[PDB]
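The chain below stands alone and is given in structure tokens; this is the form deposited in one PDB entry.
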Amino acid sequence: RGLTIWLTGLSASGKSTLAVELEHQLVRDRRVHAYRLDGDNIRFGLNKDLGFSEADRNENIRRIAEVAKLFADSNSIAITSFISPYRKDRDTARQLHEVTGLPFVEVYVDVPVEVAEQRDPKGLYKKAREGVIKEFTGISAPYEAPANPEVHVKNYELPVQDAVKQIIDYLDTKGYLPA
């Protein structure tokens, strides 16, 4: 049975890492298909005409909610992994999934802006600090944190494993998994 698992968080909070690992640990021990949507899949393809302005981030997320729904529909598990900083847009995505039913599991990949910054794998934070990148989430643009996430991962000083296992463990707390 199909649902969408929606990760939301700052950049360098470790979403994509979780996604990959959530997936492999799902198809390892329950063996479902799960497909997994983030920047490579989507921003170089479907969402190629979209930048990082507010309206574009709205649309970016709009489109992604619709194709995630599509994947859950096909009885796969869609695993999204975009910053998705606008609470309204995440709430709207939920509502297209939930109108006769499709779970929407919002996972807050939570780190402090300072843990992320201290990571900064591709140097965007230092660039955002300097003004080289404009409107950067958490530095010069908003991140609107989830109030009631199905799952709240404090993803710092924490093994990706216990992280994914907080997610899995929630999934069958609710019944979406096989043996």
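Here, rigid core means the biggest group of C-alpha atoms that superpose within 1.5 Å across both forms. Numbers follow the displayed sequence, beginning with 1.
Across the other PDB entries of this protein whose models span the neighbouring residues, residue 100 goes unmodelled in a third or more.
Per the records, residue 44 is modelled in every other compared entry, just as the shown structure includes it, so no third of them leave it out.
According to the record, the deposited sequence contains 4 to 9 residues between residue 99 and residue 100 that were left without coordinates. When 161-169 is weighed against 5-13, 161-169 comes out higher, by mean CA B-factor as recorded in the entry. Comparing 151-159 with 19-27, the higher mean C-alpha B-factor in the PDB entry belongs to 19-27.
Per the deposited coordinates, the residue with the largest Cα temperature factor out of 34, 116, 37, 61 is 34.
Per the PDB entry, 79 shows the highest C-alpha temperature factor of the residues 72, 105, 109, 79.
When all modelled residues of the chain are sorted by CA temperature factor, residue 56 is found within the lowest third. Residue 146: CA B factor lies in the middle third for its chain, per the PDB record. In the PDB entry, residue 131 places in the highest third of its chain by CA B-factor. For residue 121, the recorded CA temperature factor ranks within the highest third of the chain's modelled residues.
Omitted here: the form deposited in another entry. The next part is about that form.
Considering 118, 53, 41, 140, one residue stands apart with a C-alpha shift of at least 2 Å between the shown form and the other one following superposition on the core, and it is 53.
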